[PDB]
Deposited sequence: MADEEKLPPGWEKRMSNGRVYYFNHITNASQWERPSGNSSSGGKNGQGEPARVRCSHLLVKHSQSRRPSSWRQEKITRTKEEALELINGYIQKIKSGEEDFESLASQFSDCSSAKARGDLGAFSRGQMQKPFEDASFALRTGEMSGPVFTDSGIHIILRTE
């Protein structure tokens, strides 16, 4: 299995988990010097900057932020909503203006957990919930 991936079991059901991106999937999954990623961020009261373009004062708890993230992940995987659309609407990051696109970056430029998840993703792959000082993210590697 690729880097970070391991075969796991959840309620008698076998699935695959990536310890670096926190991504979980039913399908068997089988580094770049720079990657391009988009992201959807959900901040909470403990974010370093508990404020965003969509909310003067972020008051949701981290637990609530995680629930929202899991909801966005589920809707994207179901196919009822696309990452782009959700990011432009609910991301607490100003990159929402660019449909969540962050452009290209190298290691040492983003917060460590976001960076590690980003470089462990293969092109087109989406991470699971990723935690940083900014809040909780869903990351999509586009390049």
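Of the deposited sequence, the ranges 1-6, 37-48 have no C-alpha coordinates according to the record.
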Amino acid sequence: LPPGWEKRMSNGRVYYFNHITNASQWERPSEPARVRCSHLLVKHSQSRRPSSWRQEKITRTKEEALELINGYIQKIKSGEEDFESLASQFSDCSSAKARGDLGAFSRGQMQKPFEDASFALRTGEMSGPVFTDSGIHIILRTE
From here on, numbers count along this sequence of modelled residues.
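Stretches compared: 120-128, 8-16. Higher mean C-alpha B-factor in the entry: 8-16. When the mean C-alpha temperature factors of 49-57 and 78-86 are read from the deposited coordinates, 49-57 comes out higher. Which of 27, 115, 63, 101 has the largest Cα B-factor in the deposited entry comes down to 63. Taking only the listed residues 70, 94, 38, 106, the entry reports the highest CA temperature factor at 94.
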